[PDB]
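**Student:** Got a structure for you, questions after.
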Amino acid sequence: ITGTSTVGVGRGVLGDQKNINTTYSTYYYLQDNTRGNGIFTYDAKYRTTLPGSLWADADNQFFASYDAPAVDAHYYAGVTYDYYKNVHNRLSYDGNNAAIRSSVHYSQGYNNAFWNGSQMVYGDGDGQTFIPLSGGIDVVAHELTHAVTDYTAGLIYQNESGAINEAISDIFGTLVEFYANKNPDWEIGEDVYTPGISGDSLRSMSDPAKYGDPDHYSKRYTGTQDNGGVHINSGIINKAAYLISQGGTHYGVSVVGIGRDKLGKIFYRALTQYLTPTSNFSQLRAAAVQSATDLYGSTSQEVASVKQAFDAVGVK
Ligand SMILES: O[C@@H]1[C@@H](O)[C@H](O)OC[C@H]1O
Ligand SMILES: O[C@@H]1[C@@H](O)[C@H](O)OC[C@H]1O
Ligand SMILES: O[C@@H]1[C@@H](O)[C@H](O)OC[C@H]1O
Ligand SMILES: O[C@@H]1[C@@H](O)[C@H](O)OC[C@H]1O
Ligand SMILES: O[C@@H]1[C@@H](O)[C@H](O)OC[C@H]1O
Ligand SMILES: O[C@@H]1[C@@H](O)[C@H](O)OC[C@H]1O
Ligand SMILES: O[C@@H]1[C@@H](O)[C@H](O)OC[C@H]1O
Ligand SMILES: [Ca+2]
Ligand SMILES: [Ca+2]
Ligand SMILES: [Cl-]
Ligand SMILES: [Cl-]
Ligand SMILES: [Cl-]
Ligand SMILES: [Cl-]
Ligand SMILES: [Zn+2]
Ligand SMILES: [Zn+2]
Ligand SMILES: [Zn+2]
Ligand SMILES: [Zn+2]
Ligand SMILES: [Zn+2]
Ligand SMILES: [Zn+2]
Ligand SMILES: [Zn+2]
Ligand SMILES: [Zn+2]
């Protein structure tokens, strides 16, 4: 809509206050004109029609419980935009400042959130398995990173390529969570999963086995469920990424940690320059090694640590 750029205030899913960029034309709309071609957040009104209505509010105050999913979808899309622009010089998910559109209150009791090829879609959860999923910055950035992948390497969504696709989204979801630097960790979805249970999450990057996911290539899932285990086998790559950043000793292999920023630079370069739709784990290792070589030199600690981490998880 055409209007004046304004700044509203509200509370997110977890009760935290934050400012949001809005547009004023009779109503205050969740339309942030400060980032690229805009960030737009929509009310799906418990339907499955998309995108729904551009979110309208009478007073630029967003403290109602019904507002909270919209506040967080809008704000965390902004954080994700800021991460990709400030850290990687990438303008929105397509690198060409595409508008970021999000719909909240999608369907009823819907325990999922997804990038659908042109926008983000957030269920409210059923209140037991999940609360509204836009409350999780890592979920928001995980799904928007699928769009990044789609516009770069094009990793399919099955078998090893799909597990890399998933891990890439977990890695950058987590790096966005650290960039926001409110309550970061190496867990996925902890803020919105199981409100009755403290200390759990959908999966752990630092210890995938905590939830039964593999932390070594020899433990990879080879069945047909979950598109060949894409959310399961991602633990193998997630653990390698965790080791690259934080270091550690894993199955007897010592990894010297190089920190989060270099982890992100290495994997971003691998994703955008070297991966292809059918890259497998071994090819991801090669891409990460070459990316670290490009950035830091073949004799660098960074290259050596990439190799150590993939050795530790059994990927040659
Ligand atoms: O409403 C305006 C918006 O449509 C435009 O894109 O950028 C400036 C805004 O104030
Ligand atoms: O924590 C990371 C920060 O250290 C780096 O500067 O850029 C990415 C962030 O996630
Ligand atoms: O977040 C990590 C945590 O999972 C681990 O237990 O201790 C080190 C941290 O980096
Ligand atoms: O020890 C873990 C176990 O507690 C869980 O039930 O399944 C996965 C294992 O890694
Ligand atoms: O062969 C693998 C071994 O090298 C490693 O130590 O742990 C898992 C095994 O499958
Ligand atoms: O069966 C597949 C297995 O061969 C591969 O290694 O990892 C993904 C699985 O789907
Ligand atoms: O196969 C790819 C290779 O061509 C390139 O050199 O680095 C990435 C690899 O995965
Ligand atoms: Ca997290
Ligand atoms: Ca929980
Ligand atoms: Cl560990
Ligand atoms: Cl471990
Ligand atoms: Cl460790
Ligand atoms: Cl271990
Ligand atoms: Zn209001
Ligand atoms: Zn998803
Ligand atoms: Zn995903
Ligand atoms: Zn967290
Ligand atoms: Zn899955
Ligand atoms: Zn998923
Ligand atoms: Zn270990
Ligand atoms: Zn460990």
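Counting in the entry's author numbering, the sequence shown runs without a single skipped number right up to 316 at its last residue.
We put the beta carbon where it would ideally sit given N, CA and C, even for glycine.
Looking at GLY212 and ligand 4, is the gap between the Cβ and the nearest heavy atom below 7 Å?
**Tutor:** Because some heavy atom of ligand 4 lies under 7 Å away, the Cβ of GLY212 counts as near it: yes.
**Student:** Cα separation between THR48 and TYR242?
**Tutor:** Cα to Cα, the separation comes out at about 37 Å.
**Student:** If I measure Cβ to Cβ from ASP57 and keep anything under 8 Å in the same chain, skipping five residues before and after, which residues do I get?
**Tutor:** Cβ neighbours of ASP57 beyond the five flanking positions: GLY8, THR22, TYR27, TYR28, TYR29, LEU30 and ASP67.
**Student:** In the segment 85-156, which residue ranges form an unbroken beta strand (DSSP E) of at least 3 residues, counting only runs that do not cross its ends?
**Tutor:** Whole beta strand (DSSP E) segments, 3+ residues: 100-106, 113-115 and 120-123.
**Student:** Just curious, the beta strand (DSSP E) that residue 317 is in, first and last residue?
**Tutor:** Here the chain has residues from 1 to 316 only, and residue 317 is not among them.
**Student:** Please go through the same chain and pick out, in chain order, the residues whose beta-carbon is closer than 6 Å to the beta-carbon of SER206, but skip the five residues on each side of it.
**Tutor:** Contacts found: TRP186 and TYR242.
**Student:** Does the segment 253-260 come into contact with the segment 277-289, if we say contact requires no fewer than three beta-carbon pairs (one atom in each stretch) closer than 8 Å?
**Tutor:** Because the criterion of three Cβ pairs below 8 Å is not met, the segment 253-260 and the segment 277-289 do not touch.
**Student:** Please classify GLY52 as buried or exposed, where buried requires at least 16 other C-beta atoms within 10 Å of its C-beta.
**Tutor:** Buried, by the Cβ-count rule.
**Student:** Could you please give me the residues that DSSP links to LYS18 through a beta bridge?
**Tutor:** Answer is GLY10, bridged to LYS18.
**Student:** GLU187 bridges to which residues according to DSSP?
**Tutor:** Answer is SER204, bridged to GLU187.
**Student:** Looking only at C-alpha atoms, which of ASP215, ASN227 and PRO277 sits nearest to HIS250?
**Tutor:** Among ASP215, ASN227 and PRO277, the Cα nearest to that of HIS250 is on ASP215.
**Student:** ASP126 and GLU177 - do their beta-carbons sit closer together than 8 Å?
**Tutor:** Against a cut-off of 8 Å, the Cβ pair of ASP126 and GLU177 comes out as no contact.
**Student:** Determine contact between the segment 154-163 and the segment 226-240, defined as no fewer than three beta-carbon pairs at a distance below 8 Å.
**Tutor:** Touching, per the Cβ criterion.
**Student:** On the three-state DSSP scale, how would you describe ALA240?
**Tutor:** In this structure, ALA240 counts as helix in the three-state DSSP scheme.
**Student:** Just verifying my parser: in three-state terms, what is the DSSP assignment at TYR46?
**Tutor:** The answer is coil: DSSP assigns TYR46 none of H, G, I, E or B.
**Student:** Strictly closer than 7 Å from CB to any heavy atom of ligand 19: give me those residues in the order they appear in the chain.
**Tutor:** Cβ-based neighbours of ligand 19 within the cut-off: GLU166 and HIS231.
**Student:** Within the present structure, is the beta-carbon of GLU143 separated from the nearest heavy atom of ligand 15 by less than 7 Å?
**Tutor:** At least one heavy atom of ligand 15 is nearer than 7 Å to the Cβ of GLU143, so yes.
**Student:** Less than 8 Å between C-beta atoms, sequence neighbours within five positions excluded: which residues of the same chain meet that for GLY264?
**Tutor:** Answer for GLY264: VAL87, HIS88, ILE171, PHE172 and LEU175, listed in chain order.
**Student:** With a cut-off of 8 Å on the beta carbons, I'd call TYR81 and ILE100 a contact; round off their distance for me.
**Tutor:** Contact holds; Cβ gap of about 6 Å.
**Student:** For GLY3, which residues in the same chain have their Cβ closer than 6 Å to its Cβ, ignoring the five residues on either side in sequence?
**Tutor:** Hits under 6 Å: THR23, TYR24 and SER25.
**Student:** Assuming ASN97 and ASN37 form a contact by the criterion Cβ under 8 Å, report the distance between their Cβ atoms to the nearest whole angstrom.
**Tutor:** Yes, they are in contact, since the Cβ atoms of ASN97 and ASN37 sit about 5 Å apart, within 8 Å.
**Student:** Here's the rule: buried if 16 or more other CB atoms are within 10 angstroms of the residue's CB, otherwise exposed. What is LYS45?
**Tutor:** With fewer than 16 Cβ atoms within 10 Å of its Cβ, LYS45 is classed as exposed.
**Student:** Between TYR110 and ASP94, which are expected to be in contact by the criterion C-beta below 8 Å, what is the C-beta distance as a whole number of angstroms?
**Tutor:** In fact, because the Cβ distance is near 26 Å, the residues do not count as touching under 8 Å.
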